[PDB]
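K.L.:
Pasting a structure below so you can have a look.
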RNA sequence: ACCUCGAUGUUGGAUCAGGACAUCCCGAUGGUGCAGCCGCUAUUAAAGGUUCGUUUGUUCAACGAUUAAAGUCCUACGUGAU
RNA sequence: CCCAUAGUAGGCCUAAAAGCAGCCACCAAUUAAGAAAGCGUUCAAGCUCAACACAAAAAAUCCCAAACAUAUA
Ligand SMILES: Nc1nc2c(ncn2[C@@H]2O[C@H](COP(=O)(O)OP(=O)(O)O)[C@@H](O)[C@H]2O)c(=O)[nH]1
Ligand code: FES
Ligand SMILES: [K+]
Ligand SMILES: [Mg+2]
Ligand SMILES: [Mg+2]
Ligand SMILES: [Mg+2]
Ligand SMILES: [Mg+2]
Ligand SMILES: [Mg+2]
Ligand SMILES: [Mg+2]
Ligand SMILES: [Mg+2]
Ligand SMILES: [Mg+2]
Ligand SMILES: [Zn+2]
């Protein structure tokens, strides 16, 4: 019975306006802003697969987050058989 | 009490104890986990 | 106790799934449905709204409403109705980084992000990996010239799933 | 701060198309019409084949002689396939299918009457031979749990090992011979016929050097 | 109690025999004498 | 976690008969005694015996294994038959294999076979004859029957307590007695009438189990904003499963009146006045004797209906 | 933490812990306050409060426990370990609860 | 050492920790290069259960064994001393380290049986009804296996089973 | 019997004597290695996380001038995050660093007298602007949260010094 | 196929039994899908007890009525110069 | 030993199956936490962990030498 709200299928409308941003019925669709208005940190993020352990700088928190996560993966596999 | 040649704890509450010459497994949470060394 | 669940906006039902859950705690089911619908009237009906329920010892409840799930924001922005069956071997949707910034600007106002007081840079970074689960691929620059081809080919692939899905049902009937 | 160390990645490891062990039949396709002598010397002494790893890294090392019949294969095959991960593990057979015929007479058999009819087939195994070899995207601790369970049900004394453990085991025995403070060894006395000891020894004892007695292998003998 | 089936020192189930301390010393003493015999036969 | 005993799936394994010895006898003089293997003993049977003492099917064992008959020995020694196994079941228990109604139990003392024990294999001496001087064949013991039993006991519920949860059905059950829960009401004249409720729509599984009742009691909370709406939904769900269950006599009961004292909601039920309703508080035990006296009279009509059915009216 | 939560601060009325952080003999006293101020222990008895007053008077650390019956328990943590203080404190919890009931 | 005393005045309980005199190690150890106090004094393999002077320095006033990390002993000698302490109480050589008896308890009169070199607790030993054959005799343990390497001045080694 | 038997066949007495005499004898050192002074352990290279914390810790003492040392009590995560949200409103950070990393930094540094404070679970309340008055009222919500002390403008102050500075 | 072929026929019963405990009953004690009665299972316990009949040469078994129970065995498959 | 809040009931498929019916991918807020290694739920809830900090034995007349860890082989 319960279903997700119907979403419009129009390439022109999707590019011009973001449908999911507006949630109020009496509200209006929020138009997307041009590239220059958005900040610099938005268009330099890792869109693809995560960087491997070797590619990260050792003197960084994200490098040790990856190593700590892999240790948790190693510990879980050992405990699986036990 | 179930006699076992090898005594294995069946949960985190089981604890080994040396009494009367043979090891015993006591578990107050699960009374069926009690074992006696054979 | 505290119970958290996702409830469709303005479509709360006295029956399952939250019905039996409230019955155990003793919370009045009809009062919850009335309060939720009267509070979610402004929001469009059917929107998945994660709800947090606070239960008092005297069977008194005070509903709490948070921001909609990121999946609704991502799917609506790309026009996709349903997520992909497989991830990485196929592309379900296609959104821009501008879509993520417009989505994160409101999703970061929820209770969880507000209490942490983290910058929007970390909020956008958490949505990029969320779209990966749904199969949506994010491109820095996108135009309607290349979006219309991908969406046209997506429907072709979706029709292929319909052929496979109907084939499985027909085989099940023969069993 | 808890110490953090890099862990090996098995991404380069590849898995065959049939990780599970192939089914083992009771008897070979071609029956043996002619019966064979018992030849108990085929399980006596060290193994001269299948003593090194081929594809995997972990294997069940046999520390004694014995015969494997169809029942033994089923226990190993069912246990390993169920308890292992097909995605990241694979196993192969390091022993052939049952081929040596075993003749058993009907109940009530008195002495005589010639050789009995063929009853079942077995696979003789010598000490130091690898029975089942495993490998893939898995550590030694992951597989040691059920491999010792499989090795425990073998008719002979066995123990799961790896490339490093087996190498360390061999190096330890070599170390024991070098630093042994006993001036008298089995090899020296047996070869030189000291005290006329060869009257109570066997011709195989010149090569076994006291480490093998019947089908039993003694790792503590230097 | 303590019956050994059949005869003591023959058969499948024989009475176990153990090496005493002086038994080891006697064999070692024999070995030393013969080890010296190997030396005088080498020249 | 204590519950009233209801349909429970039990496993019965009959005894397997023993095989023959298949041996030959020898004596110093004759030196050819002939066959002397004795027949194997027959396996025990599993019998469901009705007992009036056990009102409830409390004795529910995980599995039932009959004693296998001993195999025959030398000198024509017949094997001992396996000891029979008896299971205690209340009167009126329905035993089925999940596909059909196998049998029904009439009264105390009735015994029904649910697992045949295996027969005993004949020894080699059974085949001895003038033409067959030295038979050697033996008969293997037939294995005993092992089947899955779907023991279904008609719950003894002269009254059925139905309603949406949090209304107080279990609390009321505790008061009068002082996943189905069953209690007993003891009244004057040594008359005992039982009442059942299932604390958790309500589901088809609940309706089928509550179908095995004689009277239905509807419980509606006084704090409910629309007590009449709750009445219709429970009735409609029951009516959807079966219109006949609605024809059964009912009694609308308002609960939780002690603390709320919602007299406005009380007048609403009286305004509708579909039938004579009863207003009581389970927590404080107010006006319980009023309904309990009426409930006993209601079952009296069912005893007359039991005469038309011909089945015993459950000891009362 | 877990050991004291199983017992509960049912008869406890108020807990006051004072220490001088700059001194080098308040390690157990601070760790004792760590266990008492835990959510599991405090959730058992909401009425009971925990008081922590930091002073720079160079005085010895002491722990004051106020019970409903009116008796007081004073533990000087300068020369007592956290386990010793917890064991002594938890022992009085069982004694006072039995006397009250 | 450290002592704890509780004094109650005016229904108020006060717990205090007072430091007492602490004994000091004797100066000029014979072997300063040792790691644990045993070999620092060349006492390795040179003490027995009857040397209560050595054992009293590693026990509590109630006869309990002291922790290894406090006394500083090695794992090997701590177990050897632990077994010698157990055999010392059983032999009656430590009358001043008896267990603390709670108030209102009077021990019953029990058979005073002299014993020594008792490996196991007396209450946990079953009698040997069937000795068995000569080649499979059930021997009675005497002493402790952990003292197998002690300096023996006799040609016959210690007999640990009778 | 056969040369190879399923059971352990009993050896001839002469062979059994030969086996007993020719048994492995491990070498026995004159002095047990454990009793002799062990050689110094090989140097342990510092973990990149540890050298990352030192750079981050040194920035805290240099960038922000007000540092408040408190005991991170075992508060519930909901209540511990809520106070951090209150501190973030007044631009007050709640940084936590291990003692085994922070102590060596303060051993040879200007803030050498803050060493005895860091014993156990500790947390640092830091801000570029010393909003002591706004911070104190946040901490007064929980009477069981102790304010150990701090150092404002390179001057070490106790809890009472913050109270006087706040007023 | 080792002992007995220069006087034990074997089976069963009667008589009287000694012994093992791997306990059928009585006793003590854990677990239980042990509410209570009944049960199941395990540890401990051999001091005491362990029926009478029909057909059958019977041992055994079938069923007849009982009993707290109608134990498994060994003893020259106990005992036949009783 | 202590501890555990969060982008979320990750999507697919499923009456709903949420870290734990199955499966595709396994990123990520935060000092520090598995798109979950086990239990418990029709499904949820609840729980732990990973994270920060601090090696046996029993048969039938009645067990079976007596015993003894310490004086130089
Ligand atoms: N005040 C009041 N409370 C009641 C009464 N009956 C039940 N309750 C409440 O209902 C709770 C139990 O509900 P329950 O029996 O499980 O409802 P059911 O699921 O419909 O059977 C208890 O906590 C009681 O406080 C009543 O007559 N008066
Ligand atoms: S380290 Fe030398 S005896 Fe303890
Ligand atoms: K004669
Ligand atoms: Mg003999
Ligand atoms: Mg209920
Ligand atoms: Mg031969
Ligand atoms: Mg017994
Ligand atoms: Mg006879
Ligand atoms: Mg006779
Ligand atoms: Mg006679
Ligand atoms: Mg942990
Ligand atoms: Zn347990």
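Computed from the coordinates by the stated procedures, all read-outs in this text should not be read as laboratory data. Virtual Cβ from ideal backbone geometry, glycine too; neighbours counted across all protein chains shown.
K.L.:
When all C-alpha to C-alpha distances in chain D are sorted into bins of 10 Å, what percent of pairs does each bin hold, rounded to whole numbers?
P.N.:
Taking all Cα pairs of chain D, the binned fractions are 7, 26, 28, 22, 13, 4, 1, 0 percent.
K.L.:
Considering all projection directions equally, how large on average is the shadow of the alpha-carbon convex hull of the range G:12-95, in square nanometres?
P.N.:
Numbers: hull surface 21.2 nm².
Answer in nm², one decimal: 5.3.
K.L.:
Next up: Beyond 45 Å, what percent of the Cα pairs of the protein assembly as shown remain?
P.N.:
The share of Cα pairs beyond 45 Å in the protein assembly as shown comes to 68 percent.
K.L.:
Can you give the calculated 222 nm mean residue ellipticity of chain F, where each DSSP H run of n ≥ 4 adds -39,500 (n - 2.57) and the sum is split over every residue, rounded to the nearest 500 deg cm²/dmol?
P.N.:
-6500 deg cm²/dmol
K.L.:
Now for a separate question. Could you check which residue among H:73, H:55, H:101 shows the biggest mean-square fluctuation in a GNM of chain H with a 10 Å Cα cutoff?
P.N.:
H:101
K.L.:
Given a cut-off of under 8 Å on Cα pairs at least six residues apart, what relative contact order in percent is computed for chain H?
P.N.:
17
K.L.:
Further question on the same structure: Taking the square root of 5 times each eigenvalue of the Cα gyration tensor, what semi-axes in Å does the equivalent ellipsoid of chain F have, largest first?
P.N.:
62, 17, 15
K.L.:
For chain I, what does the convex hull of the Cα positions come to per residue, in cubic angstrom?
P.N.:
Expressed per residue, the convex hull around the Cα atoms of chain I is 282 Å³.
K.L.:
Right, next: Measure off 7 Å from each Cα along the Cα-to-Cβ vector at residue H:19 and residue F:208, then give the distance between these two points in nanometres to one decimal.
P.N.:
8.0
K.L.:
At a Förster radius of 35 Å, what calculated FRET efficiency corresponds to the Cβ-Cβ distance of residue G:1 and residue I:131, to the nearest 0.05?
P.N.:
The computed FRET efficiency comes out at 0.60.
K.L.:
Go ahead and estimate [θ] at 222 nm for chain H from helices alone: -39,500 (n - 2.57) per DSSP H run with n ≥ 4, summed, over the residue count, rounded to 500.
P.N.:
Mean residue ellipticity at 222 nm (helix-derived): -4500 deg cm²/dmol.
K.L.:
I would also like to ask the following. How are the alpha carbon pair distances in chain H distributed across 5 Å bins from zero to the largest one, expressed in percent?
P.N.:
1, 6, 11, 15, 16, 14, 11, 9, 7, 4, 2, 1, 1, 0, 0
K.L.:
Continuing with this model, one more query. Would you mind checking the tilt of helix G:82-100 against the longest principal axis of the Cα atoms of chain G, expressed as 0 to 90 degrees and rounded to 10?
P.N.:
With both axes taken from Cα atoms, the answer is about 30 degrees.
K.L.:
Based on alpha-carbon centroids, what's the gap between the range D:26-59 and the range H:87-119 in Å, whole number please?
P.N.:
Spelled out, the Cα-based centre of one part sits 65 Å from the other.
K.L.:
In addition: Antiparallel DSSP bridges in the protein assembly as shown: what percent, to the nearest 5? Please report the intermediate quantities before stating the final value.
P.N.:
Details: 111 of 150 bridges.
Taking every DSSP beta bridge within the protein assembly as shown, about 75 percent pair in antiparallel fashion.
K.L.:
Against the globular-protein guess of 2.2 N^0.38 Å, express the Cα radius of gyration of chain A as a ratio, rounded to two decimals. Don't skip to the end; give the middle numbers.
P.N.:
Values: Rg = 21.6 Å, N = 82, 2.2 N^0.38 = 11.7 Å.
Cα-based Rg divided by the globular estimate yields 1.84.
K.L.:
Debye sum, Cα scatterers, the range H:43-127, no solvent: what log₁₀ I/I(0) at q = 0.10, 0.14 1/Å?
P.N.:
-0.29, -0.56
K.L.:
Between the range D:189-213 and the range A:62-79, how many Å separate their Cα centres?
P.N.:
Using only Cα atoms, the two centres lie 55 Å from each other.
K.L.:
Just H:57, H:35, H:112 to compare: in a GNM of chain H, with alpha carbon springs under 10 Å, which one fluctuates most?
P.N.:
Taking springs between Cα atoms under 10 Å, the residue moving most is H:112.
K.L.:
I want the antiparallel fraction of DSSP beta bridges within the range F:1-149, as a percent rounded to 5.
P.N.:
In the range F:1-149, DSSP labels about 65 percent of beta bridges as antiparallel.
K.L.:
Shielding of A:58-71 by partners, i.e. mean partner chain Cβ atoms within 10 Å per residue?
P.N.:
Across the residues of A:58-71, the mean count of other-chain Cβ atoms within 10 Å is 3.
K.L.:
Give me the inter-chain shielding for A:17-30: mean count of other chain Cβ atoms within 10 Å, whole number please.
P.N.:
Per-residue shielding by partner chains comes out at 6.
K.L.:
Let me ask another. Using the beta-carbon distance between residue I:25 and residue D:5 and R0 = 45 Å, what value does 1/(1 + (r/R0)^6) give for FRET efficiency, to the nearest 0.05?
P.N.:
Plugging the Cβ-Cβ distance into 1/(1 + (r/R0)^6) gives 0.70.
K.L.:
For the range D:73-125 and the range G:1-76, compute the distance between their C-alpha centroids and round to whole Å.
P.N.:
That distance is 71 Å.
K.L.:
Please tell me the relative contact order of the range C:1-66 in percent, rounded to the nearest whole number, where contacts are Cα pairs under 8 Å and at least six residues apart.
P.N.:
Values: 97 pairs, mean separation 29.7, N = 66.
Computed value for the range C:1-66: 45 percent relative contact order.
K.L.:
I'd like the FRET efficiency for residue C:37 and residue A:29, computed as 1/(1 + (r/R0)^6) with the beta carbon distance as r and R0 of 25 Å, rounded to 0.05.
P.N.:
Working: r = 25 Å, r/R0 = 0.98.
Result of the calculation: an efficiency of 0.55.
K.L.:
Which of these, I:33, I:104, I:130, has the largest mean-square fluctuation under a Gaussian network model of chain I (Cα springs below 10 Å)?
P.N.:
So, out of I:33, I:104, I:130, the one fluctuating most is I:33.
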